[PDB]
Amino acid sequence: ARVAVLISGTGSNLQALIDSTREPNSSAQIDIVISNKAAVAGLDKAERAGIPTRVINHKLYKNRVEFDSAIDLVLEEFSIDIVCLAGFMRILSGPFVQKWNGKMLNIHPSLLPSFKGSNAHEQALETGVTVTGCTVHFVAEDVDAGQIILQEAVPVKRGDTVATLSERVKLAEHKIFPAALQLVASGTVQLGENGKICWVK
């Protein structure tokens, strides 16, 4: 399965995916990395790994649909099968989501359905949970509401900040995102007719 990874910053999840997809038994290969932000460290990581990169800024497009179409063009160019959102901090439009239904994965740093949105760690700390975690899910039109593939719980320590908590949760992210990509790319897991997750094996 040919994979595109979309990023907006540091790219630690990208690096974990690059590492995993180069294992001999990997069913996925990363053929393109796309960023909406220029000069971010995730681009350096891709380049260093010998993977092509494309930057697409919102300032060159009228609306969200034309922005996504520019993404889609590149996806089609590289004959992509699966899209991974790895620190990609943009909402995707309906038709784009619909086109890639069952083919697009996102990593989110909470145990969904808790703490949806762009500041999950802030929410978890504000709420005072002692257990948080991360979630890989299929992307549906409603944000962070798509079908869940894998999750991993991560403890919150007293005195945790966004800095220390996100560091701990990222170690879990780097485990389940490669595991989830491998499940989907090997055809072991799929979105299924009724919409709910289907373990084909």
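Between two forms, the rigid core is the largest collection of C-alphas that superpose within 1.5 Å. All residue numbers are counted from 1 along the displayed sequence.
Comparing the two stretches 165 to 173 and 65 to 73 by root mean square C-alpha distance in 9 other deposited structures of this protein, with all structures fitted on the core, the more displaced one is 165 to 173.
When the other structures are laid on the shown form by the core, the C-alphas of 10 to 18 and 178 to 186 differ in how far they drift in 9 other deposited structures of this protein; the larger average drift belongs to 10 to 18. The question of which stretch, 124 to 132 or 93 to 101, has the higher mean Cα B factor is settled in favour of 93 to 101. In this crystal structure, the stretch out of 29 to 37 and 51 to 59 whose C-alpha atoms carry the higher mean B factor is 51 to 59. Out of 74, 112, 107, 83, it is 74 whose C-alpha atom has the highest B-factor in the PDB entry. Compared with the other modelled residues of the chain, the Cα B-factor recorded for residue 69 ranks in the highest third. Split the chain's modelled residues into thirds by C-alpha temperature factor. Residue 144 is in the middle one. Among the modelled residues of its chain, residue 191 has a C-alpha B-factor that falls in the highest third, as given in the PDB entry.
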